[PDB]
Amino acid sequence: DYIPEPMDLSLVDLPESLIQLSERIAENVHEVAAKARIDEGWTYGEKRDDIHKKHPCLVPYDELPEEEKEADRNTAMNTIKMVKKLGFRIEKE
């Protein structure tokens, strides 16, 4: 009975200089998330395992599969588009 209805952000334009910086942002988001998992005892494992706290994402961002890096860049871009949609200006200083 749950149907996700995400905001339409397809018409939200961000500055090109920011989109160029997608990887940089996604990388940091990843570092933050990786450090939190690691702090709770999580370690790298090629297969995800909740009982032994194994996760394959616990590698440097650059070593993540491309498809995953792509999802991360998109998640970061969509977050920022949400901000702009909520009525905030975003400009290179």
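Numbers for residues come from their place in the sequence shown, where the first is 1.
Here the stretch with the larger average CA B-factor, out of 62 to 70 and 44 to 52, is 44 to 52. Across the two stretches, 5 to 13 and 72 to 80, the PDB entry reports the greater mean Cα temperature factor for 5 to 13. When the CA B factors of the chain's modelled residues are split into thirds, the value for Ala26 lands in the lowest one. In the PDB entry, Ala34 places in the lowest third of its chain by CA B-factor.
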